[PDB]
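See structure below.
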Amino acid sequence: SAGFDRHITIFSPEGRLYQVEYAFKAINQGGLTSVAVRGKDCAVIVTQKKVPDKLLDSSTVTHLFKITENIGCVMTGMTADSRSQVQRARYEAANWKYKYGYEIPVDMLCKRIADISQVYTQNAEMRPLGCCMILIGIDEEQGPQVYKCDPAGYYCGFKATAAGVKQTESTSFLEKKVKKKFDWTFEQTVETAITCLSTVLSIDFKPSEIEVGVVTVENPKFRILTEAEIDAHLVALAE
Amino acid sequence: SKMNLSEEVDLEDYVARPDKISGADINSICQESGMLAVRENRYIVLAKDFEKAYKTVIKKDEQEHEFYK
Amino acid sequence: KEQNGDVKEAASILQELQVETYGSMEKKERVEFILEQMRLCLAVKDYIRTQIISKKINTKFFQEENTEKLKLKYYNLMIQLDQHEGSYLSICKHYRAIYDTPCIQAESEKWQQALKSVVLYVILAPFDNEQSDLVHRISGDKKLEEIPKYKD
Amino acid sequence: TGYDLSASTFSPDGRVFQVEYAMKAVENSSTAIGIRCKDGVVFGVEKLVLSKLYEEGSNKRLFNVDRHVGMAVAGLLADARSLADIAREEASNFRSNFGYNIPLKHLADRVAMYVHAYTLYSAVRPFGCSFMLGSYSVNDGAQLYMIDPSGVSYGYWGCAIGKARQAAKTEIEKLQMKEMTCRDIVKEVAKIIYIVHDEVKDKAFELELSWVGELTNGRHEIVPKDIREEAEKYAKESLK
Amino acid sequence: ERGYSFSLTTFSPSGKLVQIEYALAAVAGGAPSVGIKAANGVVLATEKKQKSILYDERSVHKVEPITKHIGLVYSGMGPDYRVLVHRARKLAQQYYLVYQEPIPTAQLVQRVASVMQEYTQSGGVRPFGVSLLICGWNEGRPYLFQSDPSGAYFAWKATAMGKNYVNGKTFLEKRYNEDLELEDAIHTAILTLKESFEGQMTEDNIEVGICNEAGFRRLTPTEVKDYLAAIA
């Protein structure tokens, strides 16, 4: 049964690609968790910021990457593979803008990244990148958009999603959340994201242990909240 | 026919569901509903615990990796 | 809420409180809360819940130092429950347990009333091996002379 | 076992075991530390002189990637030299394509991608060396970066790679590196290197210092002999 | 003969390419899909049931257009479906550039089957773990085909692939008549999916496309809801 799990191109007798599943398991090897919530007029990503050393430059530990002035991404999994996929996505966005004039939709960013991942899955040349990408962007005529891209090459839009070690619990908490109809304001969206992360981690969430990226209809620019804004959101959440 | 059940518990609402479940699944649903009623310290099985147990048992995707489907 | 006449609401409010969960809570305090739940349930006549709570409480606490009041109240509530149920033998056994308490034994009128209840309820019990055994045990008691009519 | 021969194979629990083997291969090398002072970066490398026949400065683990960038390689020496050549080529290409010295953050990113690209294919093995890139400029301050065999890179205020990474990190955290200029950070680095060195196991060794900072106008250069001797004297004076 | 289940370029002693059969098993373990051809056109329906409400139903569409008059649904791996869709669209555009006429359904099916075959003739490449059900309209006649990872394409009148495909086929041959219409086809396809659909058919849980004379069009969720109400 499990003797077919050494080459990504080998189908198991049950029709399962085990190497892709192993990349999915490697997604959790980063040890962190990221949650994305799409509000009525904004999208928000919050990721764990684990700096287990006073010597690290906390500025460069960021897992939030700006793929394009309007499209932001949060990475989960191995850091090197995630950064490689980030540069690939940035190059794809630049190529789209150069070849078609207008800015690439987040739809196409995740679609192209998933296509590259699938090509790596079908041709046994490169090991699949065990990094999950979550892209947020204000796509005109559709509002905010949040998309998730996996090592398998399956890209999907989400009202709210999560990735990392605590993915099932965060997704369950969000599923409990997005069901009770509510005014998904920007503050409400950040509140939902932070509450998801705190509930699944049971952490008091000092402002330096998390990173928040924000895109809004009012300003369709990928913005990373400063520590003061994180503190303000946390104290608003507590009361 | 052995469980306490209740008047408001209408098994038909669970029979009419189009989900393809087996006799083992039926027994699991009944036992889980009874345990849910017991945990909340209730000697009479209500419809809410039946619905919760049915939803718990019905979920059989687990991961599914969302690309095999 | 009970003092305002909301006996049903008070019983419902006290029912959701699970005493066993609070481990740090003192055993005597836990049993007092259990007995209060018993009393509220009997006031609202939820006899199935009262039976469940009776199964909750253990019978080895009443053989301790200061548990005389708790034992008396618990056995009075159990007597009321089985009085509604009609199990005369269980009522007789509960009254026998009451009569064996040192506090009731010391006071004259209280032990006399306890023995009266014991003999009357063992009389009420249907004839069987256990009822005959209890009749033999109660009859072979010297204090029955203090109640001549009941002894006869 | 079985999921262990190639860097393109994912273990059932989800990790590339060849990469981890490269990391613990780096772990067996001699310690090398890097500390960014208030106005620069100082690299201090211990070098185990395996044979007395080697001349002084042979197998130097300080590499000048660019005019302003220095490296503090640790691990396989040949892999370190190849990665130094790759970093030099990347810096030269950036200079020829953009007309100015490559920012150390971008250079670290590019060399990190080059390292990571060797952890994907079964035809090539992951790089067996982990290095430090340090630079200083009047427009970007002082920057230090660390790249492991996995290719993961972020900036550090001060760090060590090799055998006694943790032992040197304990003595690195007790410095207020945000404040002092590298003139004294040099002797502090020398003292840390001398403490972390195991004389009973590594036998003799040579300490090589390098720095890049405002005191060096921005160019990365080996520390002159006078300052090296002063720092070694300071380190030796701390025997008790 | 487990020793011959790994190489895609090695015949078993019984002369079976086992890896292609494993790809077909992966196809059969996919989401249920049905495709039925009536005298008025073709209907392709599929179950787009997400794992939770969080997934955006309208983000990705399973039933996709290739040309104005050709549509195509799938059963099997998801990511390979997009690659096959892109190659089918590119082949259609190449045929249009060469001949100035929209590509016939049979020719597109043949070229797509050849494309799928190209991934089964070498080691180190995996066969497309998806099966394609392609609808088209040319020369006043509906056309329905099924292309496989093996590169074999047939001309199904009415079929079902994916989970419980045997149940779908058994439901067919009963509710299927060659003289039906597109509306009756829609109803029959929805019922056939209902034979293998777990839960309520929410309008967002089912994707239906029609290949009629006017071309191929994927049904909007409003029309899907109307048809479901007419059926249930």
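Following Swiss-Prot, chain E residues are numbered 3-234, in order.
Structure method, as recorded: electron microscopy, 3.1 Å.
Each residue, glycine too, has its Cβ placed from N, Cα and C.
In the three-state DSSP scheme, E:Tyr6 (phosphotyrosine) falls into the helix class. Sequence-distant neighbours of E:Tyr6 (phosphotyrosine) (same chain, 6+ apart, CB under 8 A from its CB) are E:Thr12, E:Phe13, E:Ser14, E:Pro15, E:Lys18, E:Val20. The feature phosphotyrosine is assigned by Swiss-Prot to E:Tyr6 (among others).
Annotation comment: Swiss-Prot describes E:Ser7 (among others) as phosphoserine. Long-range C-beta contacts of E:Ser7 (phosphoserine), restricted to its own chain and to partners at least six residues apart, with a cutoff below 8 Å, comprise E:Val20, E:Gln21, E:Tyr24.
Per Swiss-Prot, the feature phosphoserine maps to E:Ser14 (among others); the stated evidence is a large-scale study or a structure entry. DSSP assigns E:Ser14 (phosphoserine) to coil in the three-state reduction, outside any helix or strand. Cβ neighbours within 10 Å of E:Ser14 (phosphoserine), excluding its own Cβ and spanning all shown chains: 14.
Annotation comment: Swiss-Prot describes E:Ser16 (among others) as phosphoserine, evidence class a large-scale study or a structure entry. Shown in sequence order, E:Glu3 are the residues of the chain, 6+ apart in sequence, with a C-beta less than 8 angstroms from the C-beta of E:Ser16 (phosphoserine).
Following the DSSP three-state reduction, the secondary structure of E:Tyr24 (phosphotyrosine) is helix. Annotation comment: Swiss-Prot describes E:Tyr24 (among others) as phosphotyrosine.
Listed in sequence order, E:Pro104, E:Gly217, E:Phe218 are the same-chain residues six or more apart from E:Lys70 (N6-acetyllysine) with CB atoms under 8 A from its CB. The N6-acetyllysine annotation in Swiss-Prot covers E:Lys70 (among others) and rests on a large-scale study or a structure entry.
Residues or ranges marked as phosphotyrosine by Swiss-Prot on the basis of a large-scale study or a structure entry: E:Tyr76 (among others). Counting every protein chain shown, the number of other Cβ atoms lying within 10 Å of the Cβ of E:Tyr76 (phosphotyrosine) is 29.
DSSP assigns E:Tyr121 (phosphotyrosine) to coil in the three-state reduction, placing it in neither a helix nor a strand. Counting only same-chain residues at least 6 apart in sequence, those with a Cβ under 8 Å from the Cβ of E:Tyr121 (phosphotyrosine) are E:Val127, E:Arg128, E:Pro129, E:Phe130, E:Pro151. Under the heading phosphotyrosine, Swiss-Prot lists E:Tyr121 (among others).
Under the heading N6-acetyllysine, Swiss-Prot lists E:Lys171 (among others). A 10 Å cutoff on Cβ-Cβ distances gives E:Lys171 (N6-acetyllysine) a total of 16 other Cβ atoms nearby, all chains included.
Following the DSSP three-state reduction, the secondary structure of E:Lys171 (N6-acetyllysine) is helix.
There are 24 other CB atoms within 10 A of the CB of E:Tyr24 (phosphotyrosine), with all protein chains counted.
The separation of E:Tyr76 (phosphotyrosine) from E:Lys171 (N6-acetyllysine), Cα to Cα, is 16 Å. In the three-state DSSP scheme, E:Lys70 (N6-acetyllysine) falls into the coil class. A distance below 8 A between C-beta atoms marks E:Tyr24 as the modified residues from E:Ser14, E:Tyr24, E:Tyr76 lying next to chain A.
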